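*Asks:* Just so it is clear, I am handing over model_12.txt, which has compact mmCIF, N, CA and C atoms.
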```
# COMPACT_ATOMS: atom_id res chain seq x y z
N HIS U 1 -29.40 -10.03 -13.07
CA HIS U 1 -30.01 -11.01 -14.02
C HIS U 1 -31.07 -10.34 -14.88
N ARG U 2 -30.85 -10.35 -16.19
CA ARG U 2 -31.79 -9.75 -17.13
C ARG U 2 -31.57 -10.30 -18.53
N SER U 3 -30.58 -11.18 -18.67
CA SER U 3 -30.28 -11.79 -19.97
C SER U 3 -31.56 -12.30 -20.62
N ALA U 4 -32.12 -11.47 -21.50
CA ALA U 4 -33.35 -11.81 -22.19
C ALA U 4 -33.18 -13.08 -23.01
N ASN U 5 -34.26 -13.50 -23.67
CA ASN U 5 -34.25 -14.70 -24.49
C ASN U 5 -33.58 -14.45 -25.84
N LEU U 6 -32.49 -13.67 -25.84
CA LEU U 6 -31.77 -13.37 -27.07
C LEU U 6 -31.30 -14.65 -27.73
N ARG U 7 -31.20 -15.68 -26.92
CA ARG U 7 -30.73 -16.98 -27.38
C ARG U 7 -31.70 -17.56 -28.40
N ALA U 8 -32.98 -17.43 -28.13
CA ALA U 8 -34.00 -17.91 -29.04
C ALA U 8 -33.96 -17.10 -30.31
N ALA U 9 -33.72 -15.81 -30.13
CA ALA U 9 -33.66 -14.87 -31.22
C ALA U 9 -32.41 -15.08 -32.04
N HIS U 10 -31.32 -15.37 -31.34
CA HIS U 10 -30.06 -15.62 -31.98
C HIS U 10 -30.26 -16.60 -33.12
N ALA U 11 -31.21 -17.52 -32.92
CA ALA U 11 -31.53 -18.51 -33.93
C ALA U 11 -32.54 -17.97 -34.93
N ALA U 12 -33.34 -17.00 -34.50
CA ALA U 12 -34.33 -16.38 -35.39
C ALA U 12 -33.66 -15.44 -36.37
N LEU U 13 -32.97 -14.42 -35.85
CA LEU U 13 -32.25 -13.48 -36.70
C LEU U 13 -31.27 -14.27 -37.56
N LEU U 14 -30.89 -15.43 -37.04
CA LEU U 14 -30.01 -16.35 -37.76
C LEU U 14 -30.88 -17.03 -38.81
N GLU U 15 -32.02 -17.50 -38.34
CA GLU U 15 -33.01 -18.16 -39.18
C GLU U 15 -33.35 -17.24 -40.34
N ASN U 16 -33.18 -15.95 -40.09
CA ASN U 16 -33.41 -14.93 -41.10
C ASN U 16 -32.14 -14.77 -41.91
N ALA U 17 -31.03 -14.63 -41.18
CA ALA U 17 -29.71 -14.46 -41.79
C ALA U 17 -29.48 -15.42 -42.94
N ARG U 18 -30.02 -16.63 -42.83
CA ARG U 18 -29.89 -17.62 -43.89
C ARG U 18 -30.82 -17.25 -45.02
N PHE U 19 -32.03 -16.86 -44.66
CA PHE U 19 -33.02 -16.41 -45.63
C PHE U 19 -32.51 -15.13 -46.27
N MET U 20 -31.60 -14.46 -45.56
CA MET U 20 -30.97 -13.24 -46.04
C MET U 20 -29.89 -13.64 -47.02
N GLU U 21 -29.07 -14.59 -46.57
CA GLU U 21 -28.00 -15.15 -47.37
C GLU U 21 -28.59 -15.76 -48.63
N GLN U 22 -29.85 -16.18 -48.53
CA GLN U 22 -30.56 -16.79 -49.64
C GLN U 22 -31.22 -15.74 -50.51
N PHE U 23 -31.92 -14.80 -49.89
CA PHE U 23 -32.59 -13.73 -50.63
C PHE U 23 -31.58 -13.09 -51.57
N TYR U 24 -30.35 -12.97 -51.09
CA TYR U 24 -29.26 -12.42 -51.88
C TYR U 24 -28.82 -13.45 -52.91
N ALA U 25 -28.80 -14.71 -52.47
CA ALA U 25 -28.43 -15.82 -53.34
C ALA U 25 -29.45 -15.98 -54.46
N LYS U 26 -30.62 -15.39 -54.26
CA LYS U 26 -31.70 -15.46 -55.23
C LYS U 26 -31.85 -14.13 -55.97
N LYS U 27 -31.46 -13.05 -55.31
CA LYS U 27 -31.56 -11.71 -55.88
C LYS U 27 -30.18 -11.08 -56.07
N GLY U 28 -29.66 -10.50 -54.99
CA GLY U 28 -28.37 -9.85 -55.04
C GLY U 28 -28.37 -8.54 -54.27
N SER U 29 -29.56 -8.13 -53.84
CA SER U 29 -29.73 -6.89 -53.09
C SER U 29 -31.06 -6.90 -52.34
N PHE U 30 -31.17 -6.09 -51.30
CA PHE U 30 -32.40 -6.02 -50.51
C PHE U 30 -33.22 -4.79 -50.88
N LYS U 31 -33.01 -3.67 -50.20
CA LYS U 31 -33.76 -2.46 -50.54
C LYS U 31 -33.43 -2.08 -51.97
N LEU U 32 -34.43 -1.60 -52.66
CA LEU U 32 -34.29 -1.21 -54.05
C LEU U 32 -34.28 0.31 -54.19
N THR U 33 -34.93 0.99 -53.25
CA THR U 33 -35.03 2.44 -53.26
C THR U 33 -35.12 2.98 -51.84
N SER U 34 -34.75 4.24 -51.67
CA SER U 34 -34.83 4.88 -50.37
C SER U 34 -36.29 5.01 -49.97
N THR U 35 -36.59 4.47 -48.79
CA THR U 35 -37.93 4.46 -48.20
C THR U 35 -38.74 3.25 -48.67
N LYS U 36 -38.10 2.07 -48.68
CA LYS U 36 -38.76 0.82 -49.05
C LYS U 36 -38.57 -0.22 -47.95
N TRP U 37 -39.50 -1.17 -47.87
CA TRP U 37 -39.44 -2.20 -46.82
C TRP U 37 -39.49 -3.63 -47.37
N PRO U 38 -38.32 -4.27 -47.54
CA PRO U 38 -38.25 -5.67 -47.99
C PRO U 38 -38.78 -6.62 -46.90
N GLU U 39 -39.73 -7.47 -47.26
CA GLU U 39 -40.33 -8.40 -46.31
C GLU U 39 -39.30 -9.28 -45.60
N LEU U 40 -39.43 -9.36 -44.28
CA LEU U 40 -38.53 -10.18 -43.46
C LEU U 40 -39.08 -11.60 -43.25
N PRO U 41 -38.19 -12.60 -43.14
CA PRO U 41 -38.58 -14.00 -42.95
C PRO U 41 -39.10 -14.32 -41.54
N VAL U 42 -38.19 -14.46 -40.57
CA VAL U 42 -38.58 -14.79 -39.20
C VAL U 42 -39.24 -13.61 -38.50
N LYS U 43 -40.32 -13.89 -37.79
CA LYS U 43 -41.04 -12.87 -37.05
C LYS U 43 -41.13 -13.24 -35.59
N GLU U 44 -40.54 -14.39 -35.25
CA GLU U 44 -40.56 -14.87 -33.87
C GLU U 44 -39.57 -16.02 -33.66
N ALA U 45 -38.89 -15.96 -32.53
CA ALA U 45 -37.92 -16.98 -32.14
C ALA U 45 -38.57 -17.97 -31.17
N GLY U 46 -38.12 -17.94 -29.92
CA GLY U 46 -38.67 -18.80 -28.89
C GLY U 46 -38.98 -18.02 -27.63
N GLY U 47 -38.62 -16.74 -27.66
CA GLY U 47 -38.84 -15.85 -26.54
C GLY U 47 -38.74 -14.41 -26.99
N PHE U 48 -38.34 -14.24 -28.25
CA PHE U 48 -38.22 -12.94 -28.87
C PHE U 48 -39.09 -12.88 -30.12
N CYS U 49 -39.36 -11.68 -30.60
CA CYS U 49 -40.14 -11.51 -31.82
C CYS U 49 -39.33 -10.69 -32.80
N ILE U 50 -39.38 -11.09 -34.06
CA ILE U 50 -38.58 -10.46 -35.08
C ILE U 50 -39.40 -9.68 -36.10
N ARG U 51 -38.74 -8.67 -36.67
CA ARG U 51 -39.34 -7.82 -37.69
C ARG U 51 -38.24 -7.29 -38.61
N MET U 52 -38.64 -6.57 -39.65
CA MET U 52 -37.68 -6.04 -40.61
C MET U 52 -36.94 -4.85 -40.03
N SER U 53 -35.73 -4.59 -40.53
CA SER U 53 -34.92 -3.46 -40.07
C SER U 53 -35.77 -2.18 -39.91
N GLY U 54 -35.14 -1.10 -39.45
CA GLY U 54 -35.83 0.17 -39.17
C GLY U 54 -36.73 0.73 -40.25
N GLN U 55 -36.73 2.06 -40.33
CA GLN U 55 -37.54 2.80 -41.29
C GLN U 55 -37.10 2.54 -42.71
N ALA U 56 -38.09 2.43 -43.60
CA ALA U 56 -37.84 2.18 -45.01
C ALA U 56 -36.76 3.09 -45.58
N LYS U 57 -36.62 4.28 -44.99
CA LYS U 57 -35.63 5.25 -45.43
C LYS U 57 -34.22 4.81 -45.03
N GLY U 58 -34.15 4.08 -43.92
CA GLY U 58 -32.88 3.58 -43.41
C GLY U 58 -32.87 2.08 -43.36
N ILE U 59 -33.03 1.46 -44.52
CA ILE U 59 -33.09 0.01 -44.60
C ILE U 59 -31.87 -0.61 -45.26
N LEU U 60 -31.51 -1.75 -44.71
CA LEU U 60 -30.38 -2.54 -45.13
C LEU U 60 -30.05 -2.39 -46.61
N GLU U 61 -28.76 -2.25 -46.89
CA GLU U 61 -28.26 -2.11 -48.25
C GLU U 61 -26.85 -2.69 -48.31
N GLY U 62 -26.70 -3.79 -49.03
CA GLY U 62 -25.41 -4.45 -49.08
C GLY U 62 -25.18 -5.19 -47.77
N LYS U 63 -26.20 -5.09 -46.91
CA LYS U 63 -26.20 -5.71 -45.60
C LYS U 63 -27.60 -6.23 -45.31
N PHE U 64 -27.72 -7.43 -44.77
CA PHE U 64 -29.03 -7.96 -44.43
C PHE U 64 -29.09 -8.24 -42.93
N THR U 65 -30.00 -7.58 -42.20
CA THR U 65 -30.09 -7.78 -40.75
C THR U 65 -31.51 -7.61 -40.21
N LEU U 66 -31.83 -8.40 -39.19
CA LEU U 66 -33.12 -8.33 -38.53
C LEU U 66 -32.93 -8.14 -37.03
N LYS U 67 -33.91 -7.56 -36.37
CA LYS U 67 -33.83 -7.37 -34.93
C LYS U 67 -34.98 -8.07 -34.24
N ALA U 68 -34.65 -8.70 -33.14
CA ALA U 68 -35.61 -9.41 -32.34
C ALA U 68 -35.78 -8.73 -31.00
N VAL U 69 -36.98 -8.82 -30.46
CA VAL U 69 -37.28 -8.20 -29.18
C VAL U 69 -37.89 -9.21 -28.23
N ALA U 70 -37.58 -9.08 -26.95
CA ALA U 70 -38.11 -10.00 -25.97
C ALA U 70 -39.63 -9.92 -25.90
N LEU U 71 -40.26 -11.07 -25.79
CA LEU U 71 -41.70 -11.13 -25.67
C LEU U 71 -42.06 -10.63 -24.29
N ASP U 72 -41.18 -10.95 -23.35
CA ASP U 72 -41.31 -10.49 -21.97
C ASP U 72 -40.41 -9.27 -21.77
N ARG U 73 -40.14 -8.57 -22.87
CA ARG U 73 -39.27 -7.39 -22.86
C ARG U 73 -39.62 -6.40 -21.75
N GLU U 74 -40.89 -6.35 -21.35
CA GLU U 74 -41.29 -5.45 -20.27
C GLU U 74 -40.38 -5.71 -19.09
N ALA U 75 -39.89 -6.94 -19.05
CA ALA U 75 -38.97 -7.41 -18.04
C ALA U 75 -37.56 -7.54 -18.61
N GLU U 76 -37.47 -7.68 -19.93
CA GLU U 76 -36.19 -7.84 -20.62
C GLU U 76 -36.02 -6.84 -21.77
N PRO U 77 -35.69 -5.57 -21.46
CA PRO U 77 -35.48 -4.54 -22.48
C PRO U 77 -34.45 -4.98 -23.52
N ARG U 78 -33.71 -6.03 -23.19
CA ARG U 78 -32.68 -6.55 -24.08
C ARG U 78 -33.23 -6.87 -25.46
N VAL U 79 -32.48 -6.46 -26.46
CA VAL U 79 -32.83 -6.67 -27.86
C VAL U 79 -31.66 -7.35 -28.59
N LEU U 80 -31.92 -7.99 -29.73
CA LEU U 80 -30.85 -8.65 -30.48
C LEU U 80 -30.99 -8.44 -31.98
N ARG U 81 -29.90 -8.67 -32.69
CA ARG U 81 -29.86 -8.55 -34.15
C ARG U 81 -28.85 -9.53 -34.71
N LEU U 82 -29.09 -10.03 -35.91
CA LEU U 82 -28.17 -10.95 -36.55
C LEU U 82 -28.24 -10.80 -38.06
N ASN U 83 -27.09 -10.54 -38.68
CA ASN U 83 -27.03 -10.33 -40.12
C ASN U 83 -26.57 -11.58 -40.87
N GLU U 84 -26.42 -11.45 -42.19
CA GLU U 84 -25.98 -12.55 -43.04
C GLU U 84 -24.57 -12.99 -42.68
N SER U 85 -23.81 -12.08 -42.09
CA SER U 85 -22.44 -12.36 -41.68
C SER U 85 -22.46 -13.08 -40.35
N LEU U 86 -23.67 -13.43 -39.92
CA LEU U 86 -23.87 -14.13 -38.68
C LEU U 86 -23.27 -13.37 -37.51
N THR U 87 -23.20 -12.05 -37.67
CA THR U 87 -22.70 -11.16 -36.64
C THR U 87 -23.88 -10.55 -35.90
N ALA U 88 -24.02 -10.89 -34.63
CA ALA U 88 -25.13 -10.39 -33.84
C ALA U 88 -24.72 -9.29 -32.90
N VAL U 89 -25.71 -8.48 -32.54
CA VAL U 89 -25.52 -7.41 -31.58
C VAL U 89 -26.74 -7.27 -30.70
N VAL U 90 -26.47 -7.28 -29.42
CA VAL U 90 -27.51 -7.18 -28.42
C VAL U 90 -27.55 -5.81 -27.78
N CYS U 91 -28.74 -5.41 -27.37
CA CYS U 91 -28.95 -4.14 -26.71
C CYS U 91 -29.52 -4.37 -25.32
N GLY U 92 -29.35 -3.40 -24.46
CA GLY U 92 -29.85 -3.51 -23.11
C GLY U 92 -31.01 -2.59 -22.89
N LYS U 93 -31.34 -1.85 -23.94
CA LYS U 93 -32.43 -0.91 -23.90
C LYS U 93 -33.09 -0.79 -25.26
N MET U 94 -34.38 -1.06 -25.30
CA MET U 94 -35.13 -0.94 -26.53
C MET U 94 -36.11 0.21 -26.40
N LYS U 95 -35.82 1.30 -27.09
CA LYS U 95 -36.66 2.48 -27.02
C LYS U 95 -37.58 2.59 -28.23
N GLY U 96 -36.97 2.80 -29.39
CA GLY U 96 -37.72 2.95 -30.62
C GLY U 96 -37.97 1.64 -31.33
N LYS U 97 -37.57 1.58 -32.60
CA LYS U 97 -37.74 0.38 -33.40
C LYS U 97 -39.15 -0.19 -33.26
N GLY U 98 -39.28 -1.16 -32.36
CA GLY U 98 -40.55 -1.81 -32.11
C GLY U 98 -40.39 -2.92 -31.10
N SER U 99 -41.41 -3.16 -30.29
CA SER U 99 -41.33 -4.19 -29.28
C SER U 99 -42.50 -5.15 -29.34
N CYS U 100 -42.27 -6.35 -28.81
CA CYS U 100 -43.29 -7.38 -28.77
C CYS U 100 -44.34 -7.02 -27.72
N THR U 101 -45.32 -7.91 -27.54
CA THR U 101 -46.39 -7.71 -26.57
C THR U 101 -46.84 -6.25 -26.50
N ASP U 102 -46.71 -5.54 -27.62
CA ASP U 102 -47.11 -4.14 -27.69
C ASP U 102 -47.42 -3.73 -29.12
N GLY U 103 -46.39 -3.73 -29.97
CA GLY U 103 -46.57 -3.35 -31.36
C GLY U 103 -45.27 -3.36 -32.14
N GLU U 104 -44.70 -4.54 -32.34
CA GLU U 104 -43.46 -4.68 -33.08
C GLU U 104 -43.65 -4.27 -34.54
N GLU U 105 -42.63 -3.67 -35.14
CA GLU U 105 -42.73 -3.25 -36.53
C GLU U 105 -41.38 -3.27 -37.24
N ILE U 106 -40.41 -2.51 -36.73
CA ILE U 106 -39.09 -2.44 -37.35
C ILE U 106 -37.97 -2.16 -36.35
N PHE U 107 -36.74 -2.15 -36.86
CA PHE U 107 -35.55 -1.89 -36.05
C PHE U 107 -34.89 -0.57 -36.49
N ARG U 108 -35.44 0.56 -36.04
CA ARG U 108 -34.88 1.85 -36.40
C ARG U 108 -34.02 2.40 -35.26
N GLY U 109 -32.76 2.68 -35.59
CA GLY U 109 -31.77 3.18 -34.64
C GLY U 109 -32.33 3.96 -33.46
N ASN U 110 -32.62 3.25 -32.37
CA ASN U 110 -33.13 3.86 -31.15
C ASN U 110 -32.93 2.92 -29.96
N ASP U 111 -31.71 2.41 -29.80
CA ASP U 111 -31.41 1.49 -28.71
C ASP U 111 -30.24 1.98 -27.86
N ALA U 112 -30.15 1.44 -26.66
CA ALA U 112 -29.08 1.78 -25.73
C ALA U 112 -28.53 0.53 -25.07
N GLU U 113 -27.38 0.66 -24.43
CA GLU U 113 -26.76 -0.46 -23.75
C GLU U 113 -26.57 -1.65 -24.69
N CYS U 114 -25.81 -1.46 -25.77
CA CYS U 114 -25.62 -2.56 -26.72
C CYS U 114 -24.16 -2.96 -26.90
N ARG U 115 -23.98 -4.26 -27.11
CA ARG U 115 -22.67 -4.85 -27.32
C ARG U 115 -22.78 -5.97 -28.36
N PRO U 116 -21.65 -6.39 -28.96
CA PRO U 116 -21.65 -7.45 -29.97
C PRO U 116 -21.92 -8.82 -29.36
N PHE U 117 -22.94 -9.50 -29.89
CA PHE U 117 -23.32 -10.81 -29.40
C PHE U 117 -23.01 -11.90 -30.41
N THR U 118 -22.60 -13.06 -29.91
CA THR U 118 -22.28 -14.19 -30.76
C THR U 118 -23.02 -15.44 -30.31
N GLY U 119 -24.04 -15.82 -31.08
CA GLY U 119 -24.82 -17.00 -30.76
C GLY U 119 -24.03 -18.28 -30.92
```
Would you mind writing the file's structure down as structure tokens?
*Replies:*
Amino acid sequence: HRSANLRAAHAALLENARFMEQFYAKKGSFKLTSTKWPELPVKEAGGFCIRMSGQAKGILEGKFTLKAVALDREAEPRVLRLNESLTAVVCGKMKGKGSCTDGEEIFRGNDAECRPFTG
């Protein structure tokens, strides 16, 4: 048993995914240049905390996605993500990127134990 509160996040990254679907519906693109950070909508679900994708250098392009981390991640290394395509992916190990109750910041490719999640 370790199924983190990805469920709360599933709605957050989703809550973002719509704001993503909208940001595009209002703009048409996210990152404008290599090494830029487009402001993310949701920063917290109900048990997870959300932030903008990884490093500005490796930020969403033609794709909009956010990653959420367990607030109790110390106990739930599990992480989640959800894009505009409403396609989520959960991880079983959160190394880099950023974590809650510590110093969340971004989702930069540094996770392990991940599979496709569907809220």
*Asks:* Which polymer residues have any atom within 6 Å of an atom of stretch 42-55 of chain U, counting all atoms listed in the file, with same-chain residues fewer than 6 positions away left out, as a ChimeraX atom specification?
*Replies:* /U:5,8-9,12,15-16,35,65-72,105-109
*Asks:* For the residues selected in the previous step, produce a file with N, CA and C atoms as a short mmCIF file (atom, residue, chain, number, x, y, z; two decimals), keeping the file's coordinate frame.
*Replies:*
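Just written: part-v6.cif:
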```cif
data_model
loop_
_atom_site.label_atom_id
_atom_site.label_comp_id
_atom_site.auth_asym_id
_atom_site.auth_seq_id
_atom_site.Cartn_x
_atom_site.Cartn_y
_atom_site.Cartn_z
N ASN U 5 -34.26 -13.50 -23.67
CA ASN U 5 -34.25 -14.70 -24.49
C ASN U 5 -33.58 -14.45 -25.84
N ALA U 8 -32.98 -17.43 -28.13
CA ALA U 8 -34.00 -17.91 -29.04
C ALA U 8 -33.96 -17.10 -30.31
N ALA U 9 -33.72 -15.81 -30.13
CA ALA U 9 -33.66 -14.87 -31.22
C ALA U 9 -32.41 -15.08 -32.04
N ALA U 12 -33.34 -17.00 -34.50
CA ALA U 12 -34.33 -16.38 -35.39
C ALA U 12 -33.66 -15.44 -36.37
N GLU U 15 -32.02 -17.50 -38.34
CA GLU U 15 -33.01 -18.16 -39.18
C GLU U 15 -33.35 -17.24 -40.34
N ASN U 16 -33.18 -15.95 -40.09
CA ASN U 16 -33.41 -14.93 -41.10
C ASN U 16 -32.14 -14.77 -41.91
N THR U 35 -36.59 4.47 -48.79
CA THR U 35 -37.93 4.46 -48.20
C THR U 35 -38.74 3.25 -48.67
N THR U 65 -30.00 -7.58 -42.20
CA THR U 65 -30.09 -7.78 -40.75
C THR U 65 -31.51 -7.61 -40.21
N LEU U 66 -31.83 -8.40 -39.19
CA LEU U 66 -33.12 -8.33 -38.53
C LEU U 66 -32.93 -8.14 -37.03
N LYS U 67 -33.91 -7.56 -36.37
CA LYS U 67 -33.83 -7.37 -34.93
C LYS U 67 -34.98 -8.07 -34.24
N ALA U 68 -34.65 -8.70 -33.14
CA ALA U 68 -35.61 -9.41 -32.34
C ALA U 68 -35.78 -8.73 -31.00
N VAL U 69 -36.98 -8.82 -30.46
CA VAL U 69 -37.28 -8.20 -29.18
C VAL U 69 -37.89 -9.21 -28.23
N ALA U 70 -37.58 -9.08 -26.95
CA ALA U 70 -38.11 -10.00 -25.97
C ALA U 70 -39.63 -9.92 -25.90
N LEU U 71 -40.26 -11.07 -25.79
CA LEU U 71 -41.70 -11.13 -25.67
C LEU U 71 -42.06 -10.63 -24.29
N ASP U 72 -41.18 -10.95 -23.35
CA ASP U 72 -41.31 -10.49 -21.97
C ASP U 72 -40.41 -9.27 -21.77
N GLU U 105 -42.63 -3.67 -35.14
CA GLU U 105 -42.73 -3.25 -36.53
C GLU U 105 -41.38 -3.27 -37.24
N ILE U 106 -40.41 -2.51 -36.73
CA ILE U 106 -39.09 -2.44 -37.35
C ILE U 106 -37.97 -2.16 -36.35
N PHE U 107 -36.74 -2.15 -36.86
CA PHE U 107 -35.55 -1.89 -36.05
C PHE U 107 -34.89 -0.57 -36.49
N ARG U 108 -35.44 0.56 -36.04
CA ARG U 108 -34.88 1.85 -36.40
C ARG U 108 -34.02 2.40 -35.26
N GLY U 109 -32.76 2.68 -35.59
CA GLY U 109 -31.77 3.18 -34.64
C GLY U 109 -32.33 3.96 -33.46
#
```
*Asks:* Show which residues sit within 6 Å of stretch 77-79 of chain U, as JSON, numbers by chain. Count only C-alpha atoms, and ignore same-chain residues fewer than 6 positions away.
*Replies:* {"U": [4, 68, 69, 90, 91, 92, 93, 94]}
*Asks:* What would the file look like if the residues just selected were written as a short mmCIF file (atom, residue, chain, number, x, y, z; two decimals), in the frame of the given file with N, CA and C atoms?
*Replies:*
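Dumped everything to result31.cif:
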```
data_model
loop_
_atom_site.label_atom_id
_atom_site.label_comp_id
_atom_site.auth_asym_id
_atom_site.auth_seq_id
_atom_site.Cartn_x
_atom_site.Cartn_y
_atom_site.Cartn_z
N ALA U 4 -32.12 -11.47 -21.50
CA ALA U 4 -33.35 -11.81 -22.19
C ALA U 4 -33.18 -13.08 -23.01
N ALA U 68 -34.65 -8.70 -33.14
CA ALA U 68 -35.61 -9.41 -32.34
C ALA U 68 -35.78 -8.73 -31.00
N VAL U 69 -36.98 -8.82 -30.46
CA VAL U 69 -37.28 -8.20 -29.18
C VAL U 69 -37.89 -9.21 -28.23
N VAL U 90 -26.47 -7.28 -29.42
CA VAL U 90 -27.51 -7.18 -28.42
C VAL U 90 -27.55 -5.81 -27.78
N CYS U 91 -28.74 -5.41 -27.37
CA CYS U 91 -28.95 -4.14 -26.71
C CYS U 91 -29.52 -4.37 -25.32
N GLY U 92 -29.35 -3.40 -24.46
CA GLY U 92 -29.85 -3.51 -23.11
C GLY U 92 -31.01 -2.59 -22.89
N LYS U 93 -31.34 -1.85 -23.94
CA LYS U 93 -32.43 -0.91 -23.90
C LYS U 93 -33.09 -0.79 -25.26
N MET U 94 -34.38 -1.06 -25.30
CA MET U 94 -35.13 -0.94 -26.53
C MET U 94 -36.11 0.21 -26.40
#
```
*Asks:* Could you list, as a PyMOL selection string, every residue within 10 Å of residue U:102, counting only C-alpha atoms and ignoring same-chain residues fewer than 2 positions away?
*Replies:* chain U and resi 71+73-74+98-100+104-105
*Asks:* Box in all listed atoms of stretch 14-29 of chain U, axis-aligned, with 8 Å more on each side; write out centre and edge lengths in Å to one decimal as JSON.
*Replies:*
```
{"center_x": -30.7, "center_y": -12.5, "center_z": -46.6, "size_x": 21.4, "size_y": 27.3, "size_z": 35.0}
```
*Asks:* Point out the residue among U:6, U:38, U:84, U:1 with the least atom-to-atom distance to residue U:22, counting all atoms listed in the file.
*Replies:*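 So, comparing all the options, the nearest one is U:84.
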*Asks:* Find the residue from U:34, U:117, U:112, U:62 that sits nearest to residue U:81; use all atoms listed in the file when measuring.
*Replies:*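 For residue U:81, the nearest of the candidates is U:117.
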*Asks:* So how far away is atom CA of residue U:60 from atom N of residue U:33, in Å?
*Replies:*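 Between these atoms lies a distance of 10.0 Å.
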*Asks:* Kindly give the distance, in Å, that separates atom CA of residue U:10 and atom CA of residue U:75, rounded to a single decimal.
*Replies:*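 Atom-to-atom, atom CA of residue U:10 and atom CA of residue U:75 are spaced 18.5 Å apart.
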*Asks:* Skipping near chain neighbours, those fewer than 3 positions away, what residues fall within 7 Å of residue U:14 using only N, CA and C atoms, listed as a list in words?
*Replies:*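 Once the nearby chain positions are removed, what remains is residues 9, 10, 11, 17, 18, 19, 81, 82, 83 and 86 of chain U.
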*Asks:* Could those residues be written to a file, using N, CA and C atoms, as a PDB file, in the coordinates of the input?
*Replies:*
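To be explicit, this is the file written out as again.pdb:
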```pdb
ATOM      1  N   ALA U   9     -33.720 -15.810 -30.130  1.00  0.00           N
ATOM      2  CA  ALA U   9     -33.660 -14.870 -31.220  1.00  0.00           C
ATOM      3  C   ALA U   9     -32.410 -15.080 -32.040  1.00  0.00           C
ATOM      4  N   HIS U  10     -31.320 -15.370 -31.340  1.00  0.00           N
ATOM      5  CA  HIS U  10     -30.060 -15.620 -31.980  1.00  0.00           C
ATOM      6  C   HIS U  10     -30.260 -16.600 -33.120  1.00  0.00           C
ATOM      7  N   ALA U  11     -31.210 -17.520 -32.920  1.00  0.00           N
ATOM      8  CA  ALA U  11     -31.530 -18.510 -33.930  1.00  0.00           C
ATOM      9  C   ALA U  11     -32.540 -17.970 -34.930  1.00  0.00           C
ATOM     10  N   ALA U  17     -31.030 -14.630 -41.180  1.00  0.00           N
ATOM     11  CA  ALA U  17     -29.710 -14.460 -41.790  1.00  0.00           C
ATOM     12  C   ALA U  17     -29.480 -15.420 -42.940  1.00  0.00           C
ATOM     13  N   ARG U  18     -30.020 -16.630 -42.830  1.00  0.00           N
ATOM     14  CA  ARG U  18     -29.890 -17.620 -43.890  1.00  0.00           C
ATOM     15  C   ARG U  18     -30.820 -17.250 -45.020  1.00  0.00           C
ATOM     16  N   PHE U  19     -32.030 -16.860 -44.660  1.00  0.00           N
ATOM     17  CA  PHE U  19     -33.020 -16.410 -45.630  1.00  0.00           C
ATOM     18  C   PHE U  19     -32.510 -15.130 -46.270  1.00  0.00           C
ATOM     19  N   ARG U  81     -29.900  -8.670 -32.690  1.00  0.00           N
ATOM     20  CA  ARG U  81     -29.860  -8.550 -34.150  1.00  0.00           C
ATOM     21  C   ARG U  81     -28.850  -9.530 -34.710  1.00  0.00           C
ATOM     22  N   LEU U  82     -29.090 -10.030 -35.910  1.00  0.00           N
ATOM     23  CA  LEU U  82     -28.170 -10.950 -36.550  1.00  0.00           C
ATOM     24  C   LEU U  82     -28.240 -10.800 -38.060  1.00  0.00           C
ATOM     25  N   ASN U  83     -27.090 -10.540 -38.680  1.00  0.00           N
ATOM     26  CA  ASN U  83     -27.030 -10.330 -40.120  1.00  0.00           C
ATOM     27  C   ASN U  83     -26.570 -11.580 -40.870  1.00  0.00           C
ATOM     28  N   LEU U  86     -23.670 -13.430 -39.920  1.00  0.00           N
ATOM     29  CA  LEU U  86     -23.870 -14.130 -38.680  1.00  0.00           C
ATOM     30  C   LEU U  86     -23.270 -13.370 -37.510  1.00  0.00           C
TER      31      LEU U  86
END
```
*Asks:* So how far away is atom N of residue U:119 from atom N of residue U:21, in Å?
*Replies:* 16.3 Å
*Asks:* According to DSSP computed on the backbone, where in chain U is there helix (DSSP H, G or I)? Give the residues as a list in words.
*Replies:*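 Output for chain U, helix (DSSP H, G or I) only: residues 6, 7, 8, 9, 10, 11, 12, 13, 14, 15, 16, 17, 18, 19, 20, 21, 22, 23, 24, 25, 26, 56, 57 and 58 of chain U.
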*Asks:* Using all atoms listed in the file, which of the listed residues (U:30, U:101, U:95, U:89) sits closest to residue U:118?
*Replies:*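 Using all atoms listed in the file, the shortest distance to residue U:118 belongs to U:89.
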*Asks:* Missing atoms in stretch 17-22 of chain U: fill them in up to N, CA, C and O atoms and send the result as a PDB file, in the frame of the given file.
*Replies:*
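As a result, rebuild-v3.pdb now contains:
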```pdb
ATOM      1  N   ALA U  17     -31.030 -14.630 -41.180  1.00  0.00           N
ATOM      2  CA  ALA U  17     -29.710 -14.460 -41.790  1.00  0.00           C
ATOM      3  C   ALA U  17     -29.480 -15.420 -42.940  1.00  0.00           C
ATOM      4  O   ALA U  17     -28.799 -15.090 -43.904  1.00  0.00           O
ATOM      5  N   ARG U  18     -30.020 -16.630 -42.830  1.00  0.00           N
ATOM      6  CA  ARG U  18     -29.890 -17.620 -43.890  1.00  0.00           C
ATOM      7  C   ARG U  18     -30.820 -17.250 -45.020  1.00  0.00           C
ATOM      8  O   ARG U  18     -30.450 -17.316 -46.196  1.00  0.00           O
ATOM      9  N   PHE U  19     -32.030 -16.860 -44.660  1.00  0.00           N
ATOM     10  CA  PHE U  19     -33.020 -16.410 -45.630  1.00  0.00           C
ATOM     11  C   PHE U  19     -32.510 -15.130 -46.270  1.00  0.00           C
ATOM     12  O   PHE U  19     -32.946 -14.745 -47.357  1.00  0.00           O
ATOM     13  N   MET U  20     -31.600 -14.460 -45.560  1.00  0.00           N
ATOM     14  CA  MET U  20     -30.970 -13.240 -46.040  1.00  0.00           C
ATOM     15  C   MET U  20     -29.890 -13.640 -47.020  1.00  0.00           C
ATOM     16  O   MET U  20     -29.789 -13.123 -48.134  1.00  0.00           O
ATOM     17  N   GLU U  21     -29.070 -14.590 -46.570  1.00  0.00           N
ATOM     18  CA  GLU U  21     -28.000 -15.150 -47.370  1.00  0.00           C
ATOM     19  C   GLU U  21     -28.590 -15.760 -48.630  1.00  0.00           C
ATOM     20  O   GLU U  21     -27.923 -15.854 -49.665  1.00  0.00           O
ATOM     21  N   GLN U  22     -29.850 -16.180 -48.530  1.00  0.00           N
ATOM     22  CA  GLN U  22     -30.560 -16.790 -49.640  1.00  0.00           C
ATOM     23  C   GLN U  22     -31.220 -15.740 -50.510  1.00  0.00           C
ATOM     24  O   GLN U  22     -31.100 -15.784 -51.735  1.00  0.00           O
TER      25      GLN U  22
END
```
